[PDB]
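Residue numbers (PDB author numbering), protein chains in the order written: chain A, 953 to 1147; chain B, 610 to 625, 630 to 676, 688 to 757; chain C, 709 to 836, 847 to 1147.
One structure is given below, encoded as structure tokens.
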Amino acid sequence: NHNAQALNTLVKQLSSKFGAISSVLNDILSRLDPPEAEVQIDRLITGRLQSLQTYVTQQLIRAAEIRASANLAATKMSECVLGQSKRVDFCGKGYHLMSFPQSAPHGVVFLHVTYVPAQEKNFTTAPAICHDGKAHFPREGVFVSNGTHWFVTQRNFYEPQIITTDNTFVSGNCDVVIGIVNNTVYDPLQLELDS
Amino acid sequence: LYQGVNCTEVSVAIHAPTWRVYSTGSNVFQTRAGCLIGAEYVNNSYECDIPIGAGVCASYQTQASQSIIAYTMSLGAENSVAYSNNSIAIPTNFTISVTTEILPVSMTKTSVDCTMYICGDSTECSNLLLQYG
Amino acid sequence: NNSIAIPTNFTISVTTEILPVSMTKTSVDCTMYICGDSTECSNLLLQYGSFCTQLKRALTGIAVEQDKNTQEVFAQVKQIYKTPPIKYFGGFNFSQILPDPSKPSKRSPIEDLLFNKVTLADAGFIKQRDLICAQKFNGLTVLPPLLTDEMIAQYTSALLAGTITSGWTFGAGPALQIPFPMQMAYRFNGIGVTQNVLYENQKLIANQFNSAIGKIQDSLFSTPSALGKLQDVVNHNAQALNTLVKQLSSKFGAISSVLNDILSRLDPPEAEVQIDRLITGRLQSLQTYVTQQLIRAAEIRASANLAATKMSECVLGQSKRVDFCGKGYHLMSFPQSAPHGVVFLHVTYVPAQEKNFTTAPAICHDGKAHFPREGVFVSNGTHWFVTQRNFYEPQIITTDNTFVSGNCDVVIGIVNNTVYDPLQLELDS
């Protein structure tokens, strides 16, 4: 629309007279003789030339905006389509899984497949888990409790496991962590090595 | 919306003088953007249909009769999260959602025949034009 | 060849980043400017084509854009989150950035330090000598922005109440609450430091935060021309809108500028000449104004696409892009609105108090090389350890923080040491 609009305002500015007796040059030439025509034609030329100036200048500004937008569509191509983005809300709302490009007239359309969490559930949490006077932090998860028992799930999906000692790691004593709770960290060895 | 006036102005009482002879006579509300005439100022707060400015939107809502209402847009649902020293919320399902994003990549590439436009295809006018550098 | 330096403390540092988001949306009454409110001059003007329309259309593209800009940046959340009544976030004191209930405007004690420093003026007073704001009296107008600064400052209370109570979850789905000092432990994992580092030092991290956010008041406010970037998009606009007006009284080669004069004075035809000069001049003046504002508005859009990106990536997430969200390792950001712009407070983790050590690629134990699983080998001079790379926390080199690959024959710089196996110790019953 903006392009056809500025390309129509350009044409329909040919029939403006800018202060000439008429717009038609053929007329002013078949009519009034050279010198007194040179005056009018000079007005029409100044006008019809500043009209092109404004057209071109408006299109150099519009084209800088399309370039700013085709450098973003080129970035979104490389990062969303040819990869998996971690930049938030870059490739669609959610956690980006992948994107698919689809062409369109004078543009591109990305279908951003994202992973949205759903059906949350309150739990009770804890920074660490004091077992032997030593604090146990989760190795790659979070401690939750279904009210009575403690587990260690991944942070993005409720999948509770038993707090063993190979999904938690130890550091220090239960004396400095604010909010630590007492619980049992099941060791697979001592269970096995109680032969 | 008479942009940027007091209604009490807007022809104190429209009687004419106000260029734009035509007149409207419905409820006269006073936005901070001008003197919105013709729209009834409800006291709800919806989404924004037609931005008027200074926080006021306007929309066409059913009352039986469908009328034009002007409200103060609401920024969305309200939601406090049960923040607690020791409580966390963890998803249990998920949702794969596909959204789209349209982007302009290129625009129409024109060219102009500087003379044939300015001077008309066939004119010693063009012979004058080259004077212009 | 064999010496590494490893931090032993750290530093939570809050820096700010001011960005212009939108500029003043003007409109022009092409005739009333060019031709003066009341003149058959206007009847001459329509001869000059649709210039009146192109300028109207261009200045409306700009003016609706300035409401897109302010909406891509702030209108990001679905909903308007709200912090609980009891604001105890593990020790962190977000009072300086959370909304203030006492105040009428409900702006944070830092957003108020920002609406005061940027001394601006709305020249479109529905109100009735204050300033140049009377430009509104020459065919020019200043449309008000669609989102009042009471809303923008309430899109920011959300996005700040969602990023405190949810973390980065609220920008990827439903906001799922999470205790703050634990969301911060996630944000420490994200930069390569383990969690125990946070929970052990939770007091002094909360104190480092709470104080680094205190000094932001002074840094912004007391240091003058902090908001130079916001202030210039006000100065440049009032400047080009004043050069426009004061170009009405230029004569461009007419006996006078006043049209009323040239009409009460010299008769129609010999007036048509002068008025044609004044119209050419007063119209090219509007051309240059509009064109300069289409270039300036493309610059504000380039800057409101960056502030919109920084919002999503710094605020609604945790960035790994270096120096994007402030200098340091990004922990989180907090937005604060400002007149015609946005201010990010980038909380970053800066290492400090390093310490030389002696390092090694691998550790030859049984003719097999042991590389660290997720750390680095150091030595306090005599004994070898394996720490994480970003914080000196030395542990004993067991065989479950190192992994084996090959024999000590190809690694250049490997050293001999003992890799303590927990099994053989246990299984020497």
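We treat Cβ as the ideally placed atom computed from N, Cα and C, and that holds for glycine.
Tell me residue i's beta-bridge partners as DSSP assigns them.
| i | result |
| --- | --- |
| residue 733 of chain C | C:861 |
| residue 1116 of chain A | A:1138 |
| residue 670 of chain B | B:664 and B:695 |
| residue 923 of chain C | BP columns for residue 923 of chain C are empty, so no partner. |
| residue 1051 of chain A | A:1064 |
| residue 1075 of chain A | B:712 |
| residue 1037 of chain C | The partner list for residue 1037 of chain C (beta bridge, DSSP) is empty, contrary to what the question assumes. |
| residue 1059 of chain C | C:728 and C:1056 |
| residue 1031 of chain C | Paired residue(s): none; residue 1031 of chain C is not in a bridge. |
| residue 703 of chain B | C:789 |
| residue 758 of chain C | Answer is none; residue 758 of chain C lacks a bridge partner. |
| residue 648 of chain B | B:611 |
| residue 717 of chain B | A:1070 |
| residue 1104 of chain A | A:1095 and A:1113 |
| residue 1088 of chain C | C:1122 |
| residue 690 of chain B | B:675 |
| residue 1081 of chain C | C:1133 |
Under the rule that 16 or more other beta-carbon atoms within 10 Å means buried, what is residue i, buried or exposed?
| i | result |
| --- | --- |
| residue 811 of chain C | exposed |
| residue 745 of chain B | exposed |
| residue 632 of chain B | exposed |
| residue 988 of chain C | exposed |
| residue 791 of chain C | buried |
| residue 658 of chain B | exposed |
| residue 740 of chain B | exposed |
| residue 796 of chain C | exposed |
| residue 1058 of chain C | buried |
| residue 852 of chain C | exposed |
| residue 621 of chain B | exposed |
| residue 1139 of chain C | exposed |
| residue 688 of chain B | exposed |
| residue 1067 of chain C | buried |
| residue 1196 of chain A | Nothing in the structure corresponds to residue 1196 of chain A, since chain A is present only between 953 and 1147. |
| residue 754 of chain C | exposed |
| residue 660 of chain B | exposed |
| residue 756 of chain B | exposed |
| residue 953 of chain A | exposed |
| residue 1074 of chain C | exposed |
| residue 634 of chain B | exposed |
| residue 994 of chain C | buried |
Alpha carbon to alpha carbon, how far is residue i from residue j?
| i | j | result |
| --- | --- | --- |
| residue 1046 of chain C | residue 1071 of chain C | 15 Å |
| residue 1095 of chain C | residue 1144 of chain A | 32 Å |
| residue 982 of chain A | residue 747 of chain B | 12 Å |
| residue 734 of chain C | residue 1017 of chain C | 17 Å |
| residue 1117 of chain C | residue 1137 of chain C | 6 Å |
| residue 1011 of chain A | residue 1013 of chain C | 11 Å |
| residue 941 of chain C | residue 667 of chain B | 32 Å |
| residue 867 of chain C | residue 834 of chain C | 17 Å |
| residue 1056 of chain C | residue 1008 of chain C | 26 Å |
| residue 918 of chain C | residue 1091 of chain A | 16 Å |
| residue 651 of chain B | residue 637 of chain B | 7 Å |
| residue 672 of chain B | residue 614 of chain B | 22 Å |
| residue 1015 of chain C | residue 951 of chain C | 10 Å |
| residue 1135 of chain C | residue 1076 of chain C | 14 Å |
| residue 1102 of chain A | residue 891 of chain C | 26 Å |
| residue 774 of chain C | residue 736 of chain C | 16 Å |
Excluding five sequence neighbours on each side, which residues of the same chain lie with their C-beta closer than 7 Å to the C-beta of residue i?
| i | result |
| --- | --- |
| residue 955 of chain C | 731 and 732 |
| residue 974 of chain A | 980 |
Considering only residues of the same chain and omitting the five flanking positions on each side of residue i, which have a CB-CB separation below 6 Å?
| i | result |
| --- | --- |
| residue 1111 of chain C | 1105 |
| residue 749 of chain B | 743 |
| residue 931 of chain C | 722 and 804 |
| residue 920 of chain C | 899 |
| residue 654 of chain B | 642 and 694 |
Taking 8 Å as the limit between beta carbons, can you name the residues of its chain near residue i, skipping five residues before and five after?
| i | result |
| --- | --- |
| residue 1028 of chain A | 1042, 1043, 1051 and 1062 |
| residue 780 of chain C | 1022, 1023 and 1026 |
| residue 998 of chain C | 970 |
| residue 876 of chain C | 785, 787, 788, 789 and 790 |
Cβ-heavy atom distance between residue i and the ligand MN below 7 Å?
| i | result |
| --- | --- |
| residue 968 of chain C | With respect to the ligand MN, the structure shown offers nothing to examine, as it has no ligands at all. |
Any 3 or more C-beta pairs closer than 8 Å across the segment 1115-1130 of chain C and the segment 1077-1093 of chain C
yes
When the Cβ atoms of the segment 892-899 of chain C are set against those of the segment 814-833 of chain C, are three or more pairs found closer than 8 Å?
no
Cβ contact (3+ pairs, closer than 8 Å) linking the segment 780-796 of chain C and the segment 697-707 of chain B
yes
Segment contact, 8 Å Cβ cut-off, at least three pairs: the segment 1128-1147 of chain C with the segment 1065-1082 of chain C:
yes
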